[PDB]
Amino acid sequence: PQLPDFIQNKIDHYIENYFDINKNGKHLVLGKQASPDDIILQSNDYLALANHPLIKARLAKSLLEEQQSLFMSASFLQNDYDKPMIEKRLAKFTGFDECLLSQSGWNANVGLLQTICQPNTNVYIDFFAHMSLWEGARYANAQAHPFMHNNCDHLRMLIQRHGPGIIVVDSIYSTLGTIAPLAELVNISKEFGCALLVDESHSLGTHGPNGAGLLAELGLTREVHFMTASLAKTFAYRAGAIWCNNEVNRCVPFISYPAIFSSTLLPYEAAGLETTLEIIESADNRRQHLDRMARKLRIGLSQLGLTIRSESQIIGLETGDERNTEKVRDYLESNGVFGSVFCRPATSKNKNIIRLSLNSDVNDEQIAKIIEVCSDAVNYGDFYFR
């Protein structure tokens, strides 16, 4: 049937201004198809566990077991005997008191914020913190106060003005790969009587003792109120989790709308995560190699005069406007380097990022090639870098 004018107008306008403008007629994030020979730096699977035979075996085994039909809200599954062992193990892993499974990192953040916020609750959020955190705050009708990226001085002034609130940060930032000043943030939380929420999606598994994370690495675990993470990065699974050093996870399952009104992870999924955790705990070798390759790439690109703000395995090439970003993308892909285009609504219109996500399967030769491709891009490329 015919669409009403206001919907048709929106779709017509969108296709013109987001698909039709680009050379290939597709959205800016969609370039050319990658060949087997190309270097792919797009996946969040940092320790290259997507195809791990032990994970696949345990997941298949658990699925083939007699399946109880648990197609329902997790609200109904909160009796002690119905809660999955993975929660207790992830809590022990990170050093937090309690863990609660969620269907996504997005839902973990939205759910936690809905539970701990009242309307007009002060939420002090890093300008570059994940969209799920910004949205979580917005859905709860909290008062969001952005602070300049990693700027503790700016943060202090905001809390001085508005009073006690929730300080919200990524441990490692999704677009830039910068690291939050977690120690200073803990100090500030104490200095002003705030709660701290740290999203460790990009540090859990890759950082800390046995991959326990950045809070564990810095010995700050017992001074942080909340941590969250997508399990779709290093844990290579479509899920999320909320950790609390308090009783909040007793309440989340009955308060969070995504936790109430969206279906639970099935029991076999929880079992697969148990194996993933064991593999991650022992993956000292992969973590070290990733760390070394990441440092090499950061040093190599910084030498070219490129702005590389990263301190991690996530490297952000800052490519300015969309037209320029299309050029940089086309050049890199033409020379066998496939990153991820980060544009609006993930960034502002004129501050786009081509994100290179490193994983432990990337070797010295590939690292050298990336620097080589970027060097030719700086010197011979008909485009700029911010």
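For every residue, the number given is its place in the sequence shown, counted from 1.
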property: Other entries omitting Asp38, at least a third; result: no
property: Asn335 unmodelled in at least a third of other compared entries; result: no
property: Greater mean Cα temperature factor according to the PDB record, 339-347 or 325-333; result: 325-333
property: Residue stretch of maximal mean CA temperature factor, 292-300 vs 94-102; result: 292-300
property: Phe127 - Cα temperature factor, lowest/middle/highest third of chain; result: middle
property: Ranked C-alpha temperature factor of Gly205 among modelled chain residues, by third; result: lowest
property: Within-chain third of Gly136 by Cα B-factor, per the entry; result: lowest
property: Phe192, C-alpha B-factor rank within chain (lowest, middle or highest third); result: highest
property: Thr307 CA temperature factor, ranked by third within the chain; result: highest
